[PDB]
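Take a look at this single chain in structure tokens; it is the form deposited in one PDB entry.
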């Protein structure tokens, strides 16, 4: 299965403030919806609670250590192992964040969908550093900037650099 990171972050890798997005870009979220259609969304509990509702049309899988945690319309996993078990047959899954959730799936990640917002916000949580020399850009696109989407931002997609033998 393809393990994909789905992330939107600013110039300093901010991905959150107080728990919410420091920015409001409806068009970005529509890109998320289009891209993840028919694939599982994997997210930490805090991240899911910040969004408020199950995102329709996808397996919403919430990752928490809490064995008692349950929520309507969502599945719950308590470890990476359980997530991979649950997505046994999936073609591609999207790690939807929680800085800590990205860290858990780092050893397995195959594809990066990264929205880079060209602005510096106030934030308290960050997309962990990554050595991008292992990664190759396969797609880029300038996001729609307008009245409802004030900032400038870009969709980037990365796959693994293949490496030429000695």
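We call the rigid core the largest set of C-alpha positions that still match within 1.5 Å between the two forms. Positions refer to the first chain, counted from 1.
Another form, the form deposited in another entry, is not on view; read the next lines as being about it.
Candidate set 49, 137, 124, 110; criterion, C-alpha shift of 2 Å or more between the shown form and the other one after rigid-core fit; matching residue, 124. The Cα shift for residue 26 between the shown form and the other one, taken after rigid core superposition, is 2 angstroms or larger. Relative to what is shown, residue 20 and residue 95 are closer in that other deposited form; their C-alpha atoms differ in spacing by at least 3 Å. Figure legend: C-alpha atoms of residue 126 and residue 74, shown here, are separated by at least 3 angstroms more in that other deposited form.
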